Amino acid sequence: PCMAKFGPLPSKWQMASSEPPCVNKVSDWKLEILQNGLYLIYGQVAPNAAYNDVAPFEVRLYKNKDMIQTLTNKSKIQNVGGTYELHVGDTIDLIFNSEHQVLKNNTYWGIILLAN
Amino acid sequence: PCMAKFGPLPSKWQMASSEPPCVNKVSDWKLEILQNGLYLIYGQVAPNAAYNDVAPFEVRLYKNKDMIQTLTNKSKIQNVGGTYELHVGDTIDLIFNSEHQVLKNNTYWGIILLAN
Amino acid sequence: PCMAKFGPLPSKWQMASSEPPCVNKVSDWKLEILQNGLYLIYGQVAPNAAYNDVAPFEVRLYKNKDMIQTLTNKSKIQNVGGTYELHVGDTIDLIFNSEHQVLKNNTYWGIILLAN
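Residues numbered from 1 in each chain as written, not as in the entry; some residues may be left out. Chains lettered and ligands numbered in written order. Heavy atoms only, no water.

- Method-wise, the PDB entry is recorded as coming from X-ray crystallography, at a reported resolution of 3.200 Å.

What follows is the structure in structure tokens.
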């Protein structure tokens, strides 16, 4: 298989592939696509109960520079992901409005190559 | 593969795995997870046309004790499921408000292990 | 694998299977199911920026004669698809309200057999 998955704590990016790898870590929560194909992304955002700062609650999934998903509901643990045909050089990014909006001991996301 | 699928009538739970099984029937509509991994759930709820009791229309998918999905629309045959990384001891449950809210000759849901 | 995918331009229907094929082109955007099973559909609709005719914006995905999906948002590039257990003789169709509602140089959809 080719899959990777960022989070949750105590972990960060972890990966499983053959050679060559289909994807590659770019940084926390962010990943780069090295092989064209059919990818299921998946993951869940569990909002943090206590959060009380000014910033509104929103979590954003990016495909490169484009938002591909928004998470607005601040009480449901929500699912992130979907089936995406991605191309080389493609990035993917989960981006929380505050850092403390979210329970990192329990929030994360990941990716699996399904086909070519 | 590892997959199972409850419904629709005339069937109930049916299963396909290797040894050991990744999941296991707990009861009608309810299933237990025996192997950690990446699961696609899927299935559809076709609301029953004639339904006229007092109880409001809602169908609920549970991951263990938590609602992971709600079905409110009572005219669309709706899709249930999603991509979920589940863990051992995890249950999953489809729970219709009335029993007669739904066309059981045509409603069901299922699961497939995608990876580890 | 068994997968097929219509679009985008300069391409049309393209296919990859073993023998026998699990699906078959019926015509542009339209496909027929020849093997029962678990199918992920996927694809994206990128609305066309300039579109100014009278017809309201809506794109519809059909399973046979039934709408299984509606695309109403005319500014988001939207995802189409989902996990579907389909049966033999089943068709699938993406149907744009106008033809010029959409950027065909960048809109499409596809299908992959996951299991039996």
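Once the structure has been displayed, the description carries forward.
## Points about the state of the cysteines
Residue and element names in this part refer to chain A.
Item 1. Going through the model one piece at a time under the given rule, you end up with 3 disulfides over all chains.
Item 2. The partner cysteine of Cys-2 in its disulfide is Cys-22, sulfur to sulfur 2.0 Å. On the sign convention where negative is left-handed, the bridge of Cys-2 and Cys-22, at about -95 degrees about the S-S bond, is left-handed. Taken as a pair, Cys-2 in the segment before β1 (3-6) and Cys-22 in the loop between β2 (13-16) and β3 (23-27) lie far apart in primary sequence, 20 residues in all. (Disulfide = S-S within 2.5 Å. Helix = DSSP H or I, 4+ residues; strand = E, 2+ residues; numbered from the N terminus.)

## A look at the relation of the copies chain C and chain B
Item 1. The two copies are related by a screw operation: chain C maps onto chain B through 120 degrees of rotation and 0.0 Å of translation along the axis, at an RMSD of 0.0 Å. Each copy turns onto its partner about a three-fold axis. Judged by C-alpha distance, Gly-82 of chain C is the residue of chain C that lies nearest the rotation axis, at 4.9 Å. (Least-squares fit on C-alpha atoms.)

## Quick look at the pattern of salt bridges
Item 1. Tallied over the entire structure, the rule returns 12 salt bridges over all chains.
Item 2. A salt bridge links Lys-5 of chain A to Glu-85 of chain B, with the shortest nitrogen-to-oxygen separation between them at 3.3 Å. Residue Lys-5 of chain A is located in strand β1, and its partner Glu-85 of chain B is located in strand β8 (residues 78-86); the two belong to separate chains.
Item 3. A residue is classified by how much of its surface remains accessible, and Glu-85 of chain B, at 15% relative accessible area, is buried. (Salt bridge = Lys/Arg side-chain N within 4 Å of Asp/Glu carboxyl O. Buried < 20%, exposed > 50% of the residue type's maximum accessible area, 1.4 Å probe, protein only.)

## Re the packing of aromatic side chains
Item 1. This model, assessed by the stated rule, comprises 12 aromatic pairs over all chains.
Item 2. On the basis of an interplanar angle of 45 degrees and a centroid distance of 4.5 Å, the ring pair of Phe-6 of chain B and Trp-29 of chain B is categorised as tilted. Of this pair, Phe-6 of chain B sits in strand β1 (residues 3-6) while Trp-29 of chain B is found in the loop between β3 (23-27) and β4 (30-33), placing the two residues 23 residues apart along the sequence.
Item 3. Aromatic side chains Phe-6 of chain C and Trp-13 of chain C sit 5.3 Å apart centroid to centroid with 80 degrees between the ring planes, which places their arrangement in the edge-to-face category.
Item 4. The exposure class of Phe-6 of chain C is buried, given its relative accessible area of 4%.
Item 5. Judged by its relative accessible area of 14%, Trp-13 of chain C falls in the buried class.
Item 6. An aromatic cluster is defined as three or more aromatic residues linked by ring pairs; in this entry it consists of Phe-6, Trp-13, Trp-29, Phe-96 and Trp-109 of chain A.
Item 7. Stacked on the ring of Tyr-108 of chain A, the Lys or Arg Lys-5 of chain A has its end atom at 4.6 Å from the ring centre. (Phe/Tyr/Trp six-rings, centres within 6.5 Å; stacked < 30°, edge-to-face > 60°. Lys NZ or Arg CZ within 6 Å of the ring centre and 35° of its normal.)

## A closer look at the interface of chain B and chain A
Reports often express the size of an interface as the amount of accessible area lost when the parts come together.
Item 1. Facing the 9 residues of chain B at the interface are 9 residues of chain A.
Item 2. Summed over both partners, the interface of chain B with chain A buries about 770 Å², with 65% contributed by carbon and sulfur atoms.
Item 3. The largest per-residue losses of area from chain B upon contact with chain A belong to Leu-38, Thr-83 and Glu-85 of chain B, which jointly make up 58% of the total buried on that side.
Item 4. Summed over the shared surface of chain B and chain A, the result is 1 salt bridge.
Item 5. At the level of elements, β5 (37-45), β8 and β10 (108-115) of chain B are the ones that each hand at least two residues to the side of chain B that touches chain A.
Item 6. The dominant element in the side of chain B that touches chain A, judged by the number of residues it contributes, is β8 of chain B, at 3 residues.
Item 7. Residues that form the side of chain B that touches chain A fall into these classes: 6 nonpolar, 2 polar and 1 charged. (Contact = heavy atoms within 4.5 Å. Buried area = accessible area lost by both parts, 1.4 Å probe. Nonpolar A, V, L, I, M, F, W, Y, C, P; charged D, E, K, R; others polar.)

## Comments concerning the pairing of strand β9 (residues 91-96) of chain B
Residues and elements named next belong to chain B.
Item 1. In terms of burial, β9 is a largely internal element, 5 of the 6 residues being buried.
Item 2. Here 3 bridges tie β4 to β9, and the two strands are oriented antiparallel to one another. Residue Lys-30 lies in a different strand from β9, and its bridge partner there is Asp-93.
Item 3. The sheet contact formed by strand β6 (residues 59-63) and β9 spans 5 bridges and is antiparallel. Along β9, the bridge assignment pairs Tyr-62 with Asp-93. (Pairing = 2+ DSSP bridges.)

## Things to note about the sheet that holds strand β8 (residues 78-86) of chain A
Residue and element names in this part refer to chain A.
Item 1. The 5 strands lie next to each other as β2-β1-β10-β5-β8, forming an open sheet whose pairing is antiparallel. In this open sheet, the two strands that pair with only one neighbour each are β2 and β8. Pairs of neighbouring strands in the sheet enclose a mean axial angle of 15 degrees, with direction left out of account.
Item 2. With 9 bridges joining them, strand β5 (residues 37-45) and β8 adopt antiparallel strand pairing. Looking at β8, one finds that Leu-40 is bridged to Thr-83. (Axes fitted to C-alpha atoms, helices over the stretch in contact; angles between N-to-C directions.)

## A short note on the sheet that holds β3 of chain B
Residues and elements named next belong to chain B.
Item 1. The 5 strands lie next to each other as β3-β4-β9-β6-β7, forming an open sheet whose pairing is antiparallel. Of all strands in the sheet, those bounded by a partner on one side alone are β3 and β7 (66-71). Each strand of the sheet is rotated relative to its neighbour by a mean of 20 degrees, with strand direction disregarded.
Item 2. When β6 meets β7, the two strands line up antiparallel, connected through 5 bridges. Residue pairing across strands places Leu-61 opposite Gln-69, the latter belonging to β7.

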